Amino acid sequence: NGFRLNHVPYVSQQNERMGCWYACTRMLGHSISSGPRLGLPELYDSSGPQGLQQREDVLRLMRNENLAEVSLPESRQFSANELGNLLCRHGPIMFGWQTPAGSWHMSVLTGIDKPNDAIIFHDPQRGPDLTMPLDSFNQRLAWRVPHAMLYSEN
């Protein structure tokens, strides 16, 4: 088997701005009353002075709420084993990704399905224990920001 975490709890979001942020931190085990000041597009895909501000807000929360970021390969591409290895070290990982309407979303990575070359995740909108192709994850992850993948330090 391998490379699967097994009771990462499931939390579904409230339909409010950043609803996915609160549900995802909860799946990592944190109870955090604050989050990003604007939307996901700003958080995961800003530029210039806006990018710099959003980055400062995120570092703030990361420090205060005991979250850390995954160092991102310059290739813009994880292998199954790389991801599996990170998950087994770090536990569940909250990631920002861009869906097929161009909307950004957050989900929690919980495991790797090596035979079908897929990541296993909880989606705070769509449900627990979904999979998507590893090729889709690499394509859609928020590579532009160093805070694309957050894991708990607690």
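One rule holds for the numbers: they count along the sequence shown, beginning at 1.
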Determine, for stretches 132 to 140 and 14 to 22, which one has the higher mean CA B-factor as deposited. 14 to 22
May I ask you to compare 105 to 113 and 60 to 68 by their mean CA B factor in the entry and name the higher one? 60 to 68
By the CA temperature factor listed in this entry, which of these ranks top: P49, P124, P92, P100? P49
Please say which third, lowest, middle or highest, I32 falls into when its CA temperature factor is compared across its chain. highest
Should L43 be placed in the lowest, middle or highest third of its chain by the C-alpha B factor in the entry? middle
